[PDB]
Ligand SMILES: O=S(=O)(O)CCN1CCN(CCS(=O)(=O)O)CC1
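Listed next as C-alpha cells is one chain, alone, in the form solved without this ligand.
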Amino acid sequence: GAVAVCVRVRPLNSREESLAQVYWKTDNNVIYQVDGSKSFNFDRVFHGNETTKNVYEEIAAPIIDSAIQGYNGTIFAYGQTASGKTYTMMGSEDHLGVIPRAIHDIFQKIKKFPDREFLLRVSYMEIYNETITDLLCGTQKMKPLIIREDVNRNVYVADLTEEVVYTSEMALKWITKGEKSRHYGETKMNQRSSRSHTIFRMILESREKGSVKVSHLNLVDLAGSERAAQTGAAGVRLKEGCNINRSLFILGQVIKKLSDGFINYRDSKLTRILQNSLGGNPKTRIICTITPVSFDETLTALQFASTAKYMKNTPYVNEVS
C-alpha cells in the first residue's frame, strides 16, 4: 500500500464527437486495445459513468485517513491535455474534485478524535515555466521561490506561506484565492488548459489533549502532454507546451529509474520539490486520466502509470518533539 496507481477513462467530449476511433476498452482492472494485443492491469480502472465521488472514496479517502495517522500522502493526476486531471482534482461546485472533497473529509474525520488537538495549515504553489510561486500570498508578494534542503536533507520551498485553517470554508476560500492567480490558457484541445503544475498542500499536526504527529498531504494536478497539430498553439501557449512536455519527460525518466533499481530529481523543479513522493517517505497515489479515442498519448500515459506501479516508497509515521 505505499504506492498505488489507477486509471480514469472519461466520456468523449464535444471536440471528439465532431470528428475518431475508440482504441481502448476497460473493466474495473484491465484497459485493453480494441483490435490488438496490448493490455494493462491496474488496482482500479474507473469508467466514463463513475464519478469523482467513486474516485475520491476508493483512492483518496484512505490517504486522508493515513495523513490523520501521521503518514505523508501524495496524490498526482497525470495524463494528456483535456484527459480530466483538473476535472478530477478540482472539479466545480456542480461536481467537486478530490481537493475540495479532501477538505470536507478531513474536517469531518478529525471529529472522530476528540481526545486529540489538530492544527491544519494549507499552502498552494504553481510551477510555471520552471518558476515556483506562492498562489496564496497575493500578487504584490509573488516572486520566484527557491527550493532548499534542510538539516535532515528534506526539500522545502523557502518562504512559501502556510495558512492556518479552522473550517472547511476557510480552506476553500484559500483555494479560490489561489485559483485566481493560477496559469490557465485556451487551446483547441482545452479551453481552460492548466499551463503549470499545481501543488495544494495540507500540513496536519495532532497531539493528545493530555509528541506531535506531522503529515504533509500533497494533492498535485500536473500539466498534460500536448502537440501543436492538436492545440493550434503559437507564441506563449506554444512555449508553455514545450516546457510542459519537457517537464513530463523528466518525471517519466525519474519514475523509470525508480522502477528499475543515481536518480536525477534535480533536472526539473517538479521532480525536485516532490522527491520525497517519488521513492521516499510517503504514501503515493497516481490517477492516470485517459481518453479512449487517443492511441499514442493514451499509450504513453498507460506506460508511465504501469512503470510507476513498481516505485518503492518507504513511508513511516512522522512523530516529533
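Residue numbers run from 1 along the displayed sequence.
Please count the deposited residues lying between residue 19 and residue 20 that the model leaves without coordinates, and give the class: none, 1 to 3, 4 to 9, or 10 or more.
Gap between residue 19 and residue 20: 1 to 3 residues without coordinates.
Check the entry and tell me how many residues of the deposited sequence have no coordinates between residue 210 and residue 211: none, 1 to 3, 4 to 9, or 10 or more.
The entry has a gap there, with 4 to 9 residues left out between residue 210 and residue 211.
Please compare 158-166 with 193-201 and name the stretch with the higher mean C-alpha B-factor in the deposited structure.
In the deposited entry, the stretch with the higher C-alpha B-factor mean is 158-166.
Check the entry's C-alpha temperature factors for 244-252 and 143-151, then say which stretch has the higher mean.
Result: 143-151.
Determine which member of 188, 216, 111, 173 has the highest CA B-factor, using the values in the deposited entry.
Answer for 188, 216, 111, 173: 111, with the highest C-alpha B-factor.
Take the CA temperature factors straight from the PDB entry and tell me which of 55, 263, 45, 61 peaks.
Largest recorded C-alpha B-factor: 263.
For residue 320, does the deposited CA B-factor place it in the lowest, middle or highest third of the chain?
Ranked within chain, residue 320 CA B lands in the highest tercile.
Based on the entry's values, in what third of the chain does the Cα temperature factor of residue 131 lie: lowest, middle or highest?
Highest third.
By the recorded C-alpha temperature factor, relative to the other modelled residues in its chain, which third is residue 228 in?
Within its chain, residue 228 is a middle-third residue by C-alpha B-factor, going by the deposited values.
Within this chain, which third does the Cα B-factor at residue 206 fall in: lowest, middle or highest?
Answer is highest: the recorded C-alpha B-factor places it there.
Can you tell me which third, lowest, middle or highest, the CA B-factor of residue 101 falls into for its chain?
Lowest third.
Heads up, the form deposited with this ligand bound isn't pictured, but that's what we're talking about next.
Where, among 265-273, 66-74, 252-260, 31-39, do residues come within 4.5 Å of this ligand in the deposited bound form by heavy atom distance?
The contacting stretch is 265-273.
Non-hydrogen atoms within 4.5 angstroms of this ligand in the deposited bound form: do 218, 285 and 313 all have one?
Contact check failed for every one of 218, 285 and 313.
Select from the listed residues 246, 177, 109, 116 the one whose heavy atoms reach within 4.5 Å of this ligand in the deposited bound form.
That would be 246.
Among 161, 168, 129, 154, which has at least one heavy atom within 4.5 Å of this ligand in the deposited bound form?
Going through each option in turn, the one that passes is 129.
Of 184-200, which residues get within 4.5 Å of this ligand in the deposited bound form if you count heavy atoms?
Contacting residue: only 197.
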